[PDB]
Structure formats: structure tokens, C-alpha cells
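Single-structure report; data block below.
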Amino acid sequence: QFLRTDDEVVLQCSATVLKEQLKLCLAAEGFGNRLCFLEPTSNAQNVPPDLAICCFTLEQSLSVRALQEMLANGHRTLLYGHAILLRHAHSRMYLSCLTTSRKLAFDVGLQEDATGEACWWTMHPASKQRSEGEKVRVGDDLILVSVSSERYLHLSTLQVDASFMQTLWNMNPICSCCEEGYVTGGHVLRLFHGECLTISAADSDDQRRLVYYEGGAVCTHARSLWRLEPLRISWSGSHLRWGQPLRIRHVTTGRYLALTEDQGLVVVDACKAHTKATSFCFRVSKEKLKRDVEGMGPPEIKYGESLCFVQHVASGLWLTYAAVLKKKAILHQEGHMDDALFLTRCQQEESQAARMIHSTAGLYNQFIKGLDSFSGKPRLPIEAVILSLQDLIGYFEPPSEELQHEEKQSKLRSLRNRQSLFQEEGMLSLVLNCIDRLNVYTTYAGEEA
Amino acid sequence: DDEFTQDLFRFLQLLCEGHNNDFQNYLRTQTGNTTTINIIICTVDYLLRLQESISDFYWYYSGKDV
């Protein structure tokens with residue numbers, strides 16, 4: 001099928017590591033992370049991948065020469081040989097080459113800007129059958145070529161580089177224009193109780209394993225958000241059905257939910273999680289009754305009014321609350337007619353926020369233990385975490401004083417919301433721990449970084 | 001020579017004038033031969049590439065006006 005402008009598809013390279021065998025997608029997490037890397041999206045078994053960061057958005061497959069005049073200052077079909085604008089939807093740090101030493105071929109990296117030659121990539125397919133200036137088909141191989149440094153895109157075998165060597169890169173489908181009232185995977189949304197599904201915000205020795213429906217402001221909390229993954233890699237984002245099987249990645253900690261029939265049902269680390277153990281799926285009502293439907297995924301379940309209950313497959317057990325107010329959420333056939341999951345989509349900003357917060361929690365820690373590691377010998381992700389800091393600083397600032405009051409105030413509401421959101425986990429206190437660990441020194445240990 | 005192309009495809013037009021659709025289809029599918037070809041697909045393709053010339057002629061000349 002044709003791949004048009006304004007569509008979500010990942011770049012799945014056929015990246016066997018010169019032997020065997022993983023079909024890893026291109027990925028770069030976005031905020032605080034200019035540098036490119038690689039993530040699995042094919043090991044759909046005991047070691048589940050990380051799909052959320054791979055989701056590039058198609059943008060502008062304009063002609064090369066056409067780009068030249070736009071430099072001199074909306075569903076156009078994709079065609080071979082055009083420069084293409086691209087995106088990490090999570091960050092909107094558009095995919096791009098950048099000038100760094102990572103052997104003289106500059107590494108690709110995610111600049112925010114829609115400016116410049118950097119964010120464009122002409123295609124030069126090896127198949128003359130598909131000459132440049134031809135409509136892209138689903139899954140097609142291609143070698144991106146920088147418009148900027150004029151390097152070919154490449155997989156340095158792991159290391160990523162824009163070199164004169166030529167890796168192919170498939171456009172694996174995810175979603176094509178989601179409609180409101182029509183639920184999709186790879187796409188966060190709350191699991192309501194009437195009040196909604198969530199887990200403890202302590203993020204402590206209690207590894208958020210506890211699982212509870214809960215009302216009030218917890219519903220705004222990131223902890224009450226869930227990134228569903230349908231048991232498909234292609235068209236993961238295609239519209240969901242009340243039946244088709246699906247993975248349940250957590251958003252705030254990134255953990256896959258899985259079949260721990262102990263504690264009924266509970267969160268588990270994204271390592272035990274299994275494609276089998278996570279095989280949850282929606283149902284219209286408590287009932288025990290083709291696949292995959294690729295190419296768009298038919299519209300069905302509401303972002304709002306409609307109920308769906310999640311029957312499991314590996315155990316077959318229905319999800320339900322077990323009984324301060326902390327009603328649980330556990331797997332067995334009955335429970336009661338009141339799981340009340342009238343699903344509704346998460347806001348854009350909520351999700352980037354959240355996923356970023358998991359990125360941050362996902363980054364400080366090794367930094368912390370690693371700085372603490374030479375505290376044992378008085379006498380190390382430095383610059384990447386500095387990048388994370390200045391990124392959050394950017395992410396968290398006041399509206400322009402030189403602005404209209406309405407946008408100042410709305411933007412201030414965005415600020416207030418975002419601050420509240422990152423405060424929901426209190427990782428700031430982890431920062432407080434950091435500061436506690438640091439300024440012992442007069443200047444010192446390590447004597448280099 | 002672009003003039004030759006002009007002349008060539010005018011020639012091809014002359015194959016088809018008087019509207020002999022049997023001949024036009026036969027150009028489309030070449031049934032007498034075991035092989036098959038649709039010429040016209042290809043002239044479309046020529047139109048494509050010449051068009052793409054036109055286009056780059058635009059993206060150059062448009063910035064210079066005159």
C-alpha cells in the first residue's frame with residue numbers, strides 16, 4: 001500500500017548484526033538525547049521491545065530542487081528520491097544529521113528545528129524498478145542520503161552513522177489517521193473505573209507492584225496512564241477491536257504488564273514480561289467467546305462512553321477489583337459487572353511528558369550509582385545527563401512576558417500542569433539525592449570529569 | 001535532440017490516428033507475440049520525466065522571475 005504524507009511509520013532496518021538476527025527498528029528517545037541509537041521491535045516473546053520511541057512521523061517528501069526555494073525564505077504522496085522531513089513524535093526533534101565524531105562520517109541526531117538542510121533525506125533505492133520519483137510501498141527498502149552532510153544513512157555494526165556505506169531502511173506501518181471515538185494501540189489512554197486504573201506513586205522499595213483503581217486527582221496522574229501495544233508489530237497503531245490481542249506497556253515506568261496470577265494481577269518489570277503473559281484483550285461484556293486486520297484497522301471502541309472489559313488469554317481470567325480506598329485490580333472470571341473501563345485517549349502533552357519523565361528516571365539512576373561508585377575511593381554518564389538537564393530546563397520554563405495575556409496564561413497553565421506532572425513522581429527528590437551526593441567536594445574525586 | 005523526441009512521438013500519434021483501436025489495444029498488449037508490452041505506459045513515463053524537467057525548470061527559474 002501507498003504510504004502518504006502525514007502518517008505514522010517506523011524505520012525498520014533489516015539489521016542482522018553481520019550474523020544473527022534481530023529485526024531492530026531505528027530509535028532515538030528524543031528529549032535529552034540528540035544522539036541516535038537502535039532498539040529491538042521484533043523479539044515478541046520473553047524479552048519484549050520498546051516500540052514507543054521508534055515512531056517516526058512522515059512529513060514532507062518534497063523535491064530536492066523544491067526544497068531549495070522553500071529554503072529561500074498536506075497529504076502529498078510519498079515518492080522516492082525526495083528530501084523528506086521526519087520526526088520523533090514524542091519529542092518533535094526532527095530526525096537529522098549533525099556534525100560530530102561518531103572514521104570521518106558525521107552522526108545523525110535529533111534537532112528540534114524545522115530549519116535547514118539537516119532535517120531532510122533524499123532516497124536512492126537500489127531497485128531501478130522503483131526509480132526515484134515513485135510512490136513508496138509498505139515495507140520498502142531504501143538508503144537515505146543526507147541533504148545536509150550529503151552522507152548516506154547507515155548502520156555502523158550498536159553504532160549509528162551517516163557514512164558512504166548503505167544500510168536499507170523499511171517503513172513499517174503503525175497508524176494512519178486515528179479517528180476520535182476509535183481506540184488505537186501505541187497510544188496512551190486511561191483505564192477508567194467510574195476513577196481509573198493506576199499504581200502507587202511512591203516509586204520506592206515497593207516497586208509499584210501494587211495495582212489499584214482510584215478516583216480523584218490520581219486520574220490526572222501519569223501513573224494512571226497506559227500505552228497499549230496490540231500483538232502486532234506492523235499497524236500497531238491501527239484502530240483497536242474488542243477482541244484483538246494486545247500487550248500493555250506501562251507509561252510512567254515503561255513496564256510491560258504480564259500474567260503474575262499471584263496478587264491476581266499486578267505490575268512486573270519489563271524483563272519477566274512475556275508476549276503470552278501480556279495477552280490481554282478487550283471485550284464488550286463478560287463473555288468467553290479474523291486477525292490481524294492490516295491496512296488501517298477498523299474503527300470501533302470509543303474514546304469515552306463505551307465500556308470494554310479486558311479478558312486475558314494466558315490465564316483467561318477477567319480483570320476486576322479485588323474488593324484506604326485502594327480497591328485493587330486482579331484477574332479471575334467474575335469479580336462484578338463494574339470494571340467500568342469507559343476508555344478515553346490521553347492528551348498529547350501528557351504522554352510526552354510522561355514518557356519523558358520515565359526517560360529521566362531511566363537515566364539518572366545509573367548516573368547516581370556511577371558517581372557514588374568512586375565515593376568508595378577518594379582522591380559516568382556526565383554530558384548526556386547535562387543534556388537531560390538543560391532539556392528539562394527548556395521543557396520547564398515560563399511563558400514569554402512578551403506575549404498576549406491569554407497565551408501567557410494558557411501557557412502558564414501548561415506549565416503548571418507539566419510541573420505538577422513531573423512532581424507526581426517526585427523525581428525532583430531524586431535530584432535532591434543527587435545534590436546530597438555531590439557537593440561533598442571542595443573542587444576532586446575522579447580528578448578529570 | 002529534444003526535437004527528435006517531438007518528432008518521434010508525433011510519429012507515434014500517427015500510428016493511432018483514425019482511431020484504430022484494434023491497433024491501439026494491440027500496442028497495449030501485443031497479443032500476436034508471446035511477449036507483451038504497453039508502449040503507452042512508457043510514453044507516459046516519458047511525459048513524467050519531461051515533466052520533472054519542467055518542474056526543475058520551475059524551481060530554478062521561479063526564483064529569478066525573468
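Quick note on naming: the chains in the C-alpha cells go A, B, ... in the order shown, residues restart at 1 in each chain, and ligands are numbered from 1 in order of appearance.
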
Produce a table with one row for each residue of chain A that has an atom at most 7 Å from any atom of chain B, each row naming the nearest atom pair and its distance in Å at one decimal; use only C-alpha atoms; arrange rows by chain and rising residue number; format as a Markdown table.
```
| residue | atom | partner | partner_atom | distance |
| --- | --- | --- | --- | --- |
| A:65 | CA | B:59 | CA | 6.1 |
| A:66 | CA | B:59 | CA | 5.8 |
| A:69 | CA | B:59 | CA | 6.8 |
```

**Request:** For residue A:84, list every protein, DNA or RNA residue within 6 Å, evaluated using only C-alpha atoms, and leave out those in the same chain fewer than 2 positions away; present the list as a PyMOL selection string.
**Result:** chain A and resi 60-61+82+120-121

Using only C-alpha atoms, which protein or nucleic acid residues come within 9 Å of residue A:322? Drop anything in the same chain fewer than 5 positions from it, and give the result as a ChimeraX atom specification.
/A:264,327-331,335

With N, CA and C atoms kept, could you save the residues just selected as a short mmCIF file (atom, residue, chain, number, x, y, z; two decimals), in the first residue's frame?
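Final output, saved to result-v5.cif:
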```cif
data_model
loop_
_atom_site.label_atom_id
_atom_site.label_comp_id
_atom_site.auth_asym_id
_atom_site.auth_seq_id
_atom_site.Cartn_x
_atom_site.Cartn_y
_atom_site.Cartn_z
N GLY A 264 -3.36 -11.68 42.03
CA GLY A 264 -4.34 -11.59 40.96
C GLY A 264 -3.69 -11.09 39.71
N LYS A 327 -9.16 0.04 46.32
CA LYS A 327 -9.62 -1.15 45.64
C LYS A 327 -8.55 -1.57 44.64
N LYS A 328 -8.37 -2.88 44.49
CA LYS A 328 -7.27 -3.40 43.70
C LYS A 328 -7.71 -3.55 42.24
N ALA A 329 -6.95 -4.37 41.52
CA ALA A 329 -7.30 -4.80 40.18
C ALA A 329 -6.64 -6.20 39.89
N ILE A 330 -7.42 -7.27 39.87
CA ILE A 330 -6.89 -8.61 39.78
C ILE A 330 -7.63 -9.50 38.78
N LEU A 331 -6.93 -10.49 38.23
CA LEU A 331 -7.51 -11.45 37.28
C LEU A 331 -8.26 -12.70 37.94
N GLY A 335 -15.44 -11.38 39.30
CA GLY A 335 -15.43 -10.09 40.00
C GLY A 335 -16.84 -9.55 40.05
#
```

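Within the 12 Å cut-off around residue A:325, using only C-alpha atoms and omitting residues fewer than 5 positions from it on the same chain, the listed residues are residues 195, 212, 213, 214, 215 and 216 of chain A.
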
Using the selection just defined, write its residues with C-alpha atoms as a tab-separated table (two decimals), in the first residue's frame.
```tsv
chain	number	residue	atom	x	y	z
A	195	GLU	CA	-11.84	6.97	38.91
A	212	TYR	CA	-5.41	-0.06	42.26
A	213	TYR	CA	-8.39	1.64	40.74
A	214	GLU	CA	-8.64	5.08	42.26
A	215	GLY	CA	-10.72	8.29	41.97
A	216	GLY	CA	-9.98	12.00	42.14
```

Dump as a Markdown table the rows for residues of stretch 106-211 of chain A within 12 Å of stretch 37-46 of chain A: closest atom pair and distance in Å with one decimal, only C-alpha atoms counted, ordered by chain and rising residue number.
```
| residue | atom | partner | partner_atom | distance |
| --- | --- | --- | --- | --- |
| A:107 | CA | A:37 | CA | 10.1 |
| A:108 | CA | A:37 | CA | 9.3 |
| A:109 | CA | A:37 | CA | 9.4 |
| A:110 | CA | A:37 | CA | 11.0 |
| A:154 | CA | A:37 | CA | 11.4 |
| A:155 | CA | A:38 | CA | 8.9 |
| A:156 | CA | A:37 | CA | 10.1 |
| A:157 | CA | A:38 | CA | 10.8 |
| A:158 | CA | A:38 | CA | 6.5 |
| A:159 | CA | A:37 | CA | 6.7 |
| A:160 | CA | A:37 | CA | 5.9 |
| A:161 | CA | A:37 | CA | 9.4 |
| A:172 | CA | A:41 | CA | 10.5 |
```

inquiry  = Could you check the closest approach to residue A:332 for each of A:405, A:88, A:223, A:286 and tell me which residue wins, using only C-alpha atoms?
reply    =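 Smallest separation from residue A:332 among the options: A:286.
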
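Rounded to one decimal, atom CA of residue A:19 and atom CA of residue A:152 lie 22.7 Å from each other.
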
Polymer residues at most 9 Å from residue A:71, only C-alpha atoms, same-chain spacing of 4 or more positions, as a ChimeraX atom specification: /A:66-67,115-117

Once you have the residues from the selection above, write them out as a PDB file, in the first residue's frame, restricted to N, CA, C and O atoms.
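Output below, filename result_0.pdb:
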```pdb
ATOM      1  N   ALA A  66      12.842  21.516  -5.111  1.00  0.00           N
ATOM      2  CA  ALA A  66      11.776  22.220  -4.482  1.00  0.00           C
ATOM      3  C   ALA A  66      12.127  22.688  -3.107  1.00  0.00           C
ATOM      4  O   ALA A  66      11.649  23.707  -2.679  1.00  0.00           O
ATOM      5  N   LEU A  67      12.958  21.926  -2.435  1.00  0.00           N
ATOM      6  CA  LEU A  67      13.397  22.312  -1.156  1.00  0.00           C
ATOM      7  C   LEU A  67      14.212  23.564  -1.221  1.00  0.00           C
ATOM      8  O   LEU A  67      14.249  24.355  -0.287  1.00  0.00           O
ATOM      9  N   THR A 115      14.327  24.071  10.682  1.00  0.00           N
ATOM     10  CA  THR A 115      15.276  24.748   9.807  1.00  0.00           C
ATOM     11  C   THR A 115      16.290  23.852   9.159  1.00  0.00           C
ATOM     12  O   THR A 115      16.664  22.809   9.685  1.00  0.00           O
ATOM     13  N   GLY A 116      16.718  24.286   7.983  1.00  0.00           N
ATOM     14  CA  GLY A 116      17.926  23.806   7.411  1.00  0.00           C
ATOM     15  C   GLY A 116      17.828  22.517   6.640  1.00  0.00           C
ATOM     16  O   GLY A 116      16.902  21.765   6.691  1.00  0.00           O
ATOM     17  N   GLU A 117      18.884  22.291   5.902  1.00  0.00           N
ATOM     18  CA  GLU A 117      19.200  21.050   5.240  1.00  0.00           C
ATOM     19  C   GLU A 117      19.291  19.820   6.112  1.00  0.00           C
ATOM     20  O   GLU A 117      19.243  18.763   5.582  1.00  0.00           O
TER      21      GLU A 117
END
```

| request: Have a look at atom CA of residue A:245 and atom CA of residue A:282 and let me know their distance in Å, one decimal. | output: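 Separating atom CA of residue A:245 from atom CA of residue A:282 is a distance of 7.7 Å.
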
ask   = Counting only C-alpha atoms, what is within 7 Å of stretch 414-425 of chain A, bar same-chain residues fewer than 4 positions away, as an MDAnalysis selection string?
value = chainID A and resid 201 221:222 357 396 410

Problem set entry | Contact residues around residue B:23 with only C-alpha atoms at 12 Å, ignoring same-chain residues under 3 positions, as a list in words |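 Near neighbours after the sequence-gap exclusion: residues 12, 13, 14, 15, 16, 17, 18, 19, 20, 26, 27, 28, 29, 30, 31, 32, 38 and 39 of chain B.
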
Q.
With DSSP run on the backbone, what are the helix (DSSP H, G or I) residues within stretch 175-396 of chain A? I'd like them as a PyMOL selection string.
A. chain A and resi 216-219+222-224+348-373+382-395

task = Work out how far apart atom CA of residue A:278 and atom CA of residue A:346 are and give it in Å to one decimal.
result =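 Taking atom CA of residue A:278 and atom CA of residue A:346, their separation equals 21.2 Å.
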